[PDB]
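Working notes, structure below.
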Amino acid sequence: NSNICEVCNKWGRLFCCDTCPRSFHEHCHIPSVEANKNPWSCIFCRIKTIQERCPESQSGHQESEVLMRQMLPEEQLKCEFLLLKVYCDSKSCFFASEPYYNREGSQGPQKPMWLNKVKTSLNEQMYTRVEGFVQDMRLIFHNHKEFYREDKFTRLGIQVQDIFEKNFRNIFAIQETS
Ligand SMILES: [Zn+2]
Ligand SMILES: [Zn+2]
Ligand SMILES: [Zn+2]
């Protein structure tokens, strides 16, 4: 197995996947690495299994259909994995914890949002459709862009949104378009 966490790229107290060489801190994996379970298989492996059991699941889909899906176990897992892919980027730090807004010439968002809030919401089964998870993820970056206006820091929102959107299209097999 790898000697660094797949998500944050640091060493420490690492749990190793039994079916692949990846490793994780407990609370870096989503869901948090499970207490017992031998063997244990990481989210990467669990997602690959879904794909292998239903190869047709990789055929192109419309985003509107994907958003309306209920959060049954496979869609719950897919959202967990998508959230984890965002945390894999180091720039996710800016969006992880609860923000605050005191900048001359800007007013904070009406509905603040952050990654650890989406993480808690997934863990508490608060989303009934994929749309609820995707709307809160997009709101993170939209709030950022609106608040920072012309400051070049706005770019961090565009960057992390792009990581979200590419991973969304991959994980939910969104039909490719020009
Ligand atoms: Zn980690
Ligand atoms: Zn694995
Ligand atoms: Zn099948």
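As shown in the structure tokens, the chain order sets the letters A, B, ...; within each chain, residues go from 1, and ligands are also counted from 1 in the order they appear.
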Counting only C-alpha atoms and all ligand atoms, which residues of chain A sit at most 10 Å from some atom of ligand 1, and what is each one's closest atom pair with its distance in Å to one decimal, listed by chain and rising residue number, as JSON lines?
{"residue": "A:4", "atom": "CA", "partner": "ligand 1", "partner_atom_place_in_ligand_line": "1 (Zn)", "distance": 7.7}
{"residue": "A:5", "atom": "CA", "partner": "ligand 1", "partner_atom_place_in_ligand_line": "1 (Zn)", "distance": 4.4}
{"residue": "A:6", "atom": "CA", "partner": "ligand 1", "partner_atom_place_in_ligand_line": "1 (Zn)", "distance": 6.6}
{"residue": "A:7", "atom": "CA", "partner": "ligand 1", "partner_atom_place_in_ligand_line": "1 (Zn)", "distance": 5.1}
{"residue": "A:8", "atom": "CA", "partner": "ligand 1", "partner_atom_place_in_ligand_line": "1 (Zn)", "distance": 4.2}
{"residue": "A:9", "atom": "CA", "partner": "ligand 1", "partner_atom_place_in_ligand_line": "1 (Zn)", "distance": 6.2}
{"residue": "A:10", "atom": "CA", "partner": "ligand 1", "partner_atom_place_in_ligand_line": "1 (Zn)", "distance": 5.9}
{"residue": "A:11", "atom": "CA", "partner": "ligand 1", "partner_atom_place_in_ligand_line": "1 (Zn)", "distance": 7.5}
{"residue": "A:12", "atom": "CA", "partner": "ligand 1", "partner_atom_place_in_ligand_line": "1 (Zn)", "distance": 8.0}
{"residue": "A:13", "atom": "CA", "partner": "ligand 1", "partner_atom_place_in_ligand_line": "1 (Zn)", "distance": 8.9}
{"residue": "A:14", "atom": "CA", "partner": "ligand 1", "partner_atom_place_in_ligand_line": "1 (Zn)", "distance": 8.0}
{"residue": "A:23", "atom": "CA", "partner": "ligand 1", "partner_atom_place_in_ligand_line": "1 (Zn)", "distance": 8.6}
{"residue": "A:24", "atom": "CA", "partner": "ligand 1", "partner_atom_place_in_ligand_line": "1 (Zn)", "distance": 5.6}
{"residue": "A:25", "atom": "CA", "partner": "ligand 1", "partner_atom_place_in_ligand_line": "1 (Zn)", "distance": 4.4}
{"residue": "A:26", "atom": "CA", "partner": "ligand 1", "partner_atom_place_in_ligand_line": "1 (Zn)", "distance": 7.6}
{"residue": "A:27", "atom": "CA", "partner": "ligand 1", "partner_atom_place_in_ligand_line": "1 (Zn)", "distance": 7.3}
{"residue": "A:28", "atom": "CA", "partner": "ligand 1", "partner_atom_place_in_ligand_line": "1 (Zn)", "distance": 4.7}
{"residue": "A:29", "atom": "CA", "partner": "ligand 1", "partner_atom_place_in_ligand_line": "1 (Zn)", "distance": 7.5}
{"residue": "A:87", "atom": "CA", "partner": "ligand 1", "partner_atom_place_in_ligand_line": "1 (Zn)", "distance": 9.4}
{"residue": "A:88", "atom": "CA", "partner": "ligand 1", "partner_atom_place_in_ligand_line": "1 (Zn)", "distance": 8.8}
Output file for the residues above (N, CA, C and O atoms, as a PDB file, in the first residue's frame):
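Ended up saving to out_7.pdb:
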ATOM      1  N   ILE A   4       1.218   7.351   1.924  1.00  0.00           N
ATOM      2  CA  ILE A   4       0.566   8.644   2.171  1.00  0.00           C
ATOM      3  C   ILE A   4      -0.959   8.516   1.956  1.00  0.00           C
ATOM      4  O   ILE A   4      -1.370   7.635   1.239  1.00  0.00           O
ATOM      5  N   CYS A   5      -1.698   9.317   2.660  1.00  0.00           N
ATOM      6  CA  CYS A   5      -3.213   9.489   2.463  1.00  0.00           C
ATOM      7  C   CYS A   5      -3.508   9.909   1.001  1.00  0.00           C
ATOM      8  O   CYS A   5      -2.928  10.821   0.439  1.00  0.00           O
ATOM      9  N   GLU A   6      -4.467   9.211   0.364  1.00  0.00           N
ATOM     10  CA  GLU A   6      -4.801   9.475  -1.023  1.00  0.00           C
ATOM     11  C   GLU A   6      -5.385  10.881  -1.177  1.00  0.00           C
ATOM     12  O   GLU A   6      -5.241  11.438  -2.248  1.00  0.00           O
ATOM     13  N   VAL A   7      -6.060  11.312  -0.174  1.00  0.00           N
ATOM     14  CA  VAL A   7      -6.815  12.584  -0.205  1.00  0.00           C
ATOM     15  C   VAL A   7      -5.911  13.800   0.064  1.00  0.00           C
ATOM     16  O   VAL A   7      -5.803  14.673  -0.757  1.00  0.00           O
ATOM     17  N   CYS A   8      -5.242  13.806   1.227  1.00  0.00           N
ATOM     18  CA  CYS A   8      -4.432  15.008   1.650  1.00  0.00           C
ATOM     19  C   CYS A   8      -2.941  14.830   1.414  1.00  0.00           C
ATOM     20  O   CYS A   8      -2.208  15.793   1.624  1.00  0.00           O
ATOM     21  N   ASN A   9      -2.497  13.646   1.027  1.00  0.00           N
ATOM     22  CA  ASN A   9      -1.093  13.419   0.630  1.00  0.00           C
ATOM     23  C   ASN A   9      -0.103  13.525   1.766  1.00  0.00           C
ATOM     24  O   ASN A   9       1.113  13.754   1.458  1.00  0.00           O
ATOM     25  N   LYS A  10      -0.567  13.379   2.999  1.00  0.00           N
ATOM     26  CA  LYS A  10       0.267  13.354   4.201  1.00  0.00           C
ATOM     27  C   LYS A  10       0.334  11.924   4.747  1.00  0.00           C
ATOM     28  O   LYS A  10      -0.588  11.084   4.589  1.00  0.00           O
ATOM     29  N   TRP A  11       1.443  11.625   5.449  1.00  0.00           N
ATOM     30  CA  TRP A  11       1.521  10.440   6.279  1.00  0.00           C
ATOM     31  C   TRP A  11       0.732  10.669   7.553  1.00  0.00           C
ATOM     32  O   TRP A  11       0.056  11.738   7.787  1.00  0.00           O
ATOM     33  N   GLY A  12       0.652   9.597   8.353  1.00  0.00           N
ATOM     34  CA  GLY A  12       0.038   9.599   9.655  1.00  0.00           C
ATOM     35  C   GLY A  12      -0.505   8.210   9.956  1.00  0.00           C
ATOM     36  O   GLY A  12       0.059   7.191   9.475  1.00  0.00           O
ATOM     37  N   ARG A  13      -1.557   8.167  10.729  1.00  0.00           N
ATOM     38  CA  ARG A  13      -2.388   6.961  11.015  1.00  0.00           C
ATOM     39  C   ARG A  13      -3.270   6.653   9.807  1.00  0.00           C
ATOM     40  O   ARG A  13      -4.228   7.378   9.537  1.00  0.00           O
ATOM     41  N   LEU A  14      -2.828   5.693   9.014  1.00  0.00           N
ATOM     42  CA  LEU A  14      -3.395   5.372   7.674  1.00  0.00           C
ATOM     43  C   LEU A  14      -4.071   4.003   7.774  1.00  0.00           C
ATOM     44  O   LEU A  14      -3.529   3.058   8.388  1.00  0.00           O
ATOM     45  N   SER A  23      -4.273   4.323   0.478  1.00  0.00           N
ATOM     46  CA  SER A  23      -4.386   4.491   1.903  1.00  0.00           C
ATOM     47  C   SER A  23      -5.085   5.771   2.336  1.00  0.00           C
ATOM     48  O   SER A  23      -4.952   6.723   1.540  1.00  0.00           O
ATOM     49  N   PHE A  24      -5.651   5.814   3.513  1.00  0.00           N
ATOM     50  CA  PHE A  24      -6.445   6.945   4.024  1.00  0.00           C
ATOM     51  C   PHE A  24      -6.353   7.280   5.461  1.00  0.00           C
ATOM     52  O   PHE A  24      -6.425   6.404   6.325  1.00  0.00           O
ATOM     53  N   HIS A  25      -6.289   8.572   5.809  1.00  0.00           N
ATOM     54  CA  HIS A  25      -6.677   8.898   7.138  1.00  0.00           C
ATOM     55  C   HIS A  25      -8.133   8.528   7.358  1.00  0.00           C
ATOM     56  O   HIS A  25      -8.941   8.593   6.428  1.00  0.00           O
ATOM     57  N   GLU A  26      -8.477   8.239   8.610  1.00  0.00           N
ATOM     58  CA  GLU A  26      -9.844   7.894   8.997  1.00  0.00           C
ATOM     59  C   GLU A  26     -10.906   8.834   8.474  1.00  0.00           C
ATOM     60  O   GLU A  26     -11.844   8.337   7.846  1.00  0.00           O
ATOM     61  N   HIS A  27     -10.761  10.115   8.745  1.00  0.00           N
ATOM     62  CA  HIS A  27     -11.742  11.154   8.375  1.00  0.00           C
ATOM     63  C   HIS A  27     -11.439  11.855   7.007  1.00  0.00           C
ATOM     64  O   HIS A  27     -12.214  12.716   6.580  1.00  0.00           O
ATOM     65  N   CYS A  28     -10.428  11.420   6.351  1.00  0.00           N
ATOM     66  CA  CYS A  28     -10.198  11.831   4.956  1.00  0.00           C
ATOM     67  C   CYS A  28     -11.056  10.938   4.010  1.00  0.00           C
ATOM     68  O   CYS A  28     -11.604  11.446   3.014  1.00  0.00           O
ATOM     69  N   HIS A  29     -11.141   9.638   4.264  1.00  0.00           N
ATOM     70  CA  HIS A  29     -12.036   8.782   3.522  1.00  0.00           C
ATOM     71  C   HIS A  29     -13.446   9.263   3.816  1.00  0.00           C
ATOM     72  O   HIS A  29     -13.816   9.786   4.863  1.00  0.00           O
ATOM     73  N   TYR A  87     -12.204  17.159  -2.180  1.00  0.00           N
ATOM     74  CA  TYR A  87     -11.217  17.236  -1.081  1.00  0.00           C
ATOM     75  C   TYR A  87      -9.867  16.802  -1.527  1.00  0.00           C
ATOM     76  O   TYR A  87      -8.857  17.242  -0.879  1.00  0.00           O
ATOM     77  N   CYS A  88      -9.711  15.969  -2.523  1.00  0.00           N
ATOM     78  CA  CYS A  88      -8.399  15.526  -3.045  1.00  0.00           C
ATOM     79  C   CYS A  88      -7.580  16.702  -3.581  1.00  0.00           C
ATOM     80  O   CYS A  88      -6.346  16.577  -3.668  1.00  0.00           O
TER      81      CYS A  88
END
Neighbour list for residue 86 of chain A as a list in words, cut-off 8 Å, only C-alpha atoms, skip fewer than 4 positions in-chain: residues 82, 92, 160, 163 and 164 of chain A
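Minimum atom-to-atom distance to ligand 3, evaluated using only C-alpha atoms and all ligand atoms, belongs to A:51 out of A:167, A:3, A:51, A:32.
Minimum atom-to-atom distance to ligand 3, evaluated using only C-alpha atoms and all ligand atoms, belongs to A:54 out of A:2, A:45, A:111, A:54.
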Mind dumping a table of every chain A residue within 10 Å of ligand 2, with the nearest atom pair and its distance in Å to one decimal, using only C-alpha atoms and all ligand atoms, sorted by chain and rising number, as CSV?
residue,atom,partner,partner_atom_place_in_ligand_line,distance
A:1,CA,ligand 2,1 (Zn),9.7
A:16,CA,ligand 2,1 (Zn),8.0
A:17,CA,ligand 2,1 (Zn),4.6
A:18,CA,ligand 2,1 (Zn),6.5
A:19,CA,ligand 2,1 (Zn),5.1
A:20,CA,ligand 2,1 (Zn),4.0
A:21,CA,ligand 2,1 (Zn),6.4
A:22,CA,ligand 2,1 (Zn),5.7
A:23,CA,ligand 2,1 (Zn),7.9
A:24,CA,ligand 2,1 (Zn),9.8
A:40,CA,ligand 2,1 (Zn),8.2
A:41,CA,ligand 2,1 (Zn),5.1
A:42,CA,ligand 2,1 (Zn),4.1
A:43,CA,ligand 2,1 (Zn),6.5
A:44,CA,ligand 2,1 (Zn),5.3
A:45,CA,ligand 2,1 (Zn),4.3
A:46,CA,ligand 2,1 (Zn),7.5
A:47,CA,ligand 2,1 (Zn),9.3
A:48,CA,ligand 2,1 (Zn),9.1
Mind dumping the selected residues with N, CA, C and O atoms as a PDB file, in the first residue's frame?
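Contents of the output file out.pdb:
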ATOM      1  N   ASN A   1       0.835  -1.265   0.000  1.00  0.00           N
ATOM      2  CA  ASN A   1       0.000   0.000   0.000  1.00  0.00           C
ATOM      3  C   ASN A   1       0.843   1.277   0.000  1.00  0.00           C
ATOM      4  O   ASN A   1       1.998   1.269   0.409  1.00  0.00           O
ATOM      5  N   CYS A  16      -5.393   1.046   5.209  1.00  0.00           N
ATOM      6  CA  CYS A  16      -5.060   0.584   3.932  1.00  0.00           C
ATOM      7  C   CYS A  16      -6.218  -0.176   3.323  1.00  0.00           C
ATOM      8  O   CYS A  16      -6.844  -0.994   4.008  1.00  0.00           O
ATOM      9  N   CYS A  17      -6.443   0.068   2.033  1.00  0.00           N
ATOM     10  CA  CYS A  17      -7.446  -0.668   1.261  1.00  0.00           C
ATOM     11  C   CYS A  17      -6.927  -2.112   1.043  1.00  0.00           C
ATOM     12  O   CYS A  17      -5.759  -2.312   0.666  1.00  0.00           O
ATOM     13  N   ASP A  18      -7.816  -3.092   1.181  1.00  0.00           N
ATOM     14  CA  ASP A  18      -7.435  -4.497   0.856  1.00  0.00           C
ATOM     15  C   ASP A  18      -7.475  -4.901  -0.613  1.00  0.00           C
ATOM     16  O   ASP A  18      -6.904  -5.926  -0.995  1.00  0.00           O
ATOM     17  N   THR A  19      -8.143  -4.127  -1.455  1.00  0.00           N
ATOM     18  CA  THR A  19      -8.284  -4.463  -2.831  1.00  0.00           C
ATOM     19  C   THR A  19      -7.599  -3.546  -3.762  1.00  0.00           C
ATOM     20  O   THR A  19      -7.706  -3.719  -4.958  1.00  0.00           O
ATOM     21  N   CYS A  20      -6.942  -2.505  -3.225  1.00  0.00           N
ATOM     22  CA  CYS A  20      -6.102  -1.633  -4.050  1.00  0.00           C
ATOM     23  C   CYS A  20      -4.987  -1.051  -3.155  1.00  0.00           C
ATOM     24  O   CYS A  20      -5.071  -1.173  -1.982  1.00  0.00           O
ATOM     25  N   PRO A  21      -3.982  -0.398  -3.754  1.00  0.00           N
ATOM     26  CA  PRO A  21      -2.880   0.099  -2.921  1.00  0.00           C
ATOM     27  C   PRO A  21      -3.098   1.450  -2.224  1.00  0.00           C
ATOM     28  O   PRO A  21      -2.188   1.947  -1.569  1.00  0.00           O
ATOM     29  N   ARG A  22      -4.299   1.995  -2.268  1.00  0.00           N
ATOM     30  CA  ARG A  22      -4.496   3.302  -1.667  1.00  0.00           C
ATOM     31  C   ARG A  22      -4.610   3.223  -0.190  1.00  0.00           C
ATOM     32  O   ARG A  22      -4.976   2.186   0.416  1.00  0.00           O
ATOM     33  N   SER A  23      -4.273   4.323   0.478  1.00  0.00           N
ATOM     34  CA  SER A  23      -4.386   4.491   1.903  1.00  0.00           C
ATOM     35  C   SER A  23      -5.085   5.771   2.336  1.00  0.00           C
ATOM     36  O   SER A  23      -4.952   6.723   1.540  1.00  0.00           O
ATOM     37  N   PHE A  24      -5.651   5.814   3.513  1.00  0.00           N
ATOM     38  CA  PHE A  24      -6.445   6.945   4.024  1.00  0.00           C
ATOM     39  C   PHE A  24      -6.353   7.280   5.461  1.00  0.00           C
ATOM     40  O   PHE A  24      -6.425   6.404   6.325  1.00  0.00           O
ATOM     41  N   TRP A  40     -11.406  -4.740   4.049  1.00  0.00           N
ATOM     42  CA  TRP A  40     -12.029  -3.417   3.825  1.00  0.00           C
ATOM     43  C   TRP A  40     -11.676  -2.964   2.431  1.00  0.00           C
ATOM     44  O   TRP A  40     -10.530  -3.113   1.918  1.00  0.00           O
ATOM     45  N   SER A  41     -12.677  -2.378   1.759  1.00  0.00           N
ATOM     46  CA  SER A  41     -12.464  -1.882   0.425  1.00  0.00           C
ATOM     47  C   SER A  41     -12.847  -0.366   0.463  1.00  0.00           C
ATOM     48  O   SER A  41     -13.866  -0.013   1.007  1.00  0.00           O
ATOM     49  N   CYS A  42     -11.893   0.421  -0.057  1.00  0.00           N
ATOM     50  CA  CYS A  42     -12.049   1.931  -0.179  1.00  0.00           C
ATOM     51  C   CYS A  42     -13.180   2.252  -1.146  1.00  0.00           C
ATOM     52  O   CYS A  42     -13.491   1.483  -2.059  1.00  0.00           O
ATOM     53  N   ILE A  43     -13.638   3.522  -1.077  1.00  0.00           N
ATOM     54  CA  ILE A  43     -14.642   4.074  -1.990  1.00  0.00           C
ATOM     55  C   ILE A  43     -14.253   3.937  -3.461  1.00  0.00           C
ATOM     56  O   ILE A  43     -15.118   3.745  -4.306  1.00  0.00           O
ATOM     57  N   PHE A  44     -12.964   4.098  -3.876  1.00  0.00           N
ATOM     58  CA  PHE A  44     -12.569   3.897  -5.189  1.00  0.00           C
ATOM     59  C   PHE A  44     -12.927   2.490  -5.659  1.00  0.00           C
ATOM     60  O   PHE A  44     -13.432   2.327  -6.803  1.00  0.00           O
ATOM     61  N   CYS A  45     -12.656   1.539  -4.767  1.00  0.00           N
ATOM     62  CA  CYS A  45     -12.906   0.148  -5.152  1.00  0.00           C
ATOM     63  C   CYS A  45     -14.419  -0.102  -5.237  1.00  0.00           C
ATOM     64  O   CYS A  45     -14.869  -0.831  -6.145  1.00  0.00           O
ATOM     65  N   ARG A  46     -15.191   0.456  -4.320  1.00  0.00           N
ATOM     66  CA  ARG A  46     -16.628   0.259  -4.290  1.00  0.00           C
ATOM     67  C   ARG A  46     -17.290   0.863  -5.507  1.00  0.00           C
ATOM     68  O   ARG A  46     -18.215   0.225  -6.073  1.00  0.00           O
ATOM     69  N   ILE A  47     -16.766   1.995  -5.995  1.00  0.00           N
ATOM     70  CA  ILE A  47     -17.291   2.602  -7.198  1.00  0.00           C
ATOM     71  C   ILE A  47     -16.979   1.772  -8.420  1.00  0.00           C
ATOM     72  O   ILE A  47     -17.819   1.588  -9.331  1.00  0.00           O
ATOM     73  N   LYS A  48     -15.746   1.294  -8.497  1.00  0.00           N
ATOM     74  CA  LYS A  48     -15.356   0.408  -9.600  1.00  0.00           C
ATOM     75  C   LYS A  48     -16.228  -0.844  -9.617  1.00  0.00           C
ATOM     76  O   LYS A  48     -16.677  -1.270 -10.684  1.00  0.00           O
TER      77      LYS A  48
END
Return the single residue from A:81, A:141, A:147, A:94 that is closest to residue 108 of chain A, with distances computed using only C-alpha atoms. A:147
Closest atom pairs, chain A residues within 12 Å of ligand 3, only C-alpha atoms and all ligand atoms, as a tab-separated table:
residue	atom	partner	partner_atom_place_in_ligand_line	distance
A:49	CA	ligand 3	1 (Zn)	11.8
A:50	CA	ligand 3	1 (Zn)	9.8
A:51	CA	ligand 3	1 (Zn)	9.5
A:52	CA	ligand 3	1 (Zn)	8.7
A:53	CA	ligand 3	1 (Zn)	5.9
A:54	CA	ligand 3	1 (Zn)	4.2
A:55	CA	ligand 3	1 (Zn)	6.7
A:56	CA	ligand 3	1 (Zn)	7.1
A:57	CA	ligand 3	1 (Zn)	8.5
A:58	CA	ligand 3	1 (Zn)	11.4
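Ranking A:149, A:129, A:166, A:138 by their shortest atom-to-atom distance to residue 76 of chain A, with only C-alpha atoms included, puts A:129 first.
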Counting only C-alpha atoms, the residue among A:123, A:64, A:161, A:140 that lies closest to residue 96 of chain A is A:140
Assign secondary structure with DSSP using the backbone only, and return the residues of segment 7-93 of chain A in strand (DSSP E) as a JSON list (two decimals) with C-alpha atoms, in the first residue's frame.
[["chain", "number", "residue", "atom", "x", "y", "z"],
["A", 14, "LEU", "CA", -3.39, 5.37, 7.67],
["A", 15, "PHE", "CA", -5.96, 2.67, 6.93],
["A", 16, "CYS", "CA", -5.06, 0.58, 3.93],
["A", 23, "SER", "CA", -4.39, 4.49, 1.90],
["A", 24, "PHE", "CA", -6.45, 6.95, 4.02],
["A", 25, "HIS", "CA", -6.68, 8.90, 7.14]]
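Using only C-alpha atoms, the nearest neighbour of residue 150 of chain A within the list A:90, A:37, A:106, A:95 is A:106.
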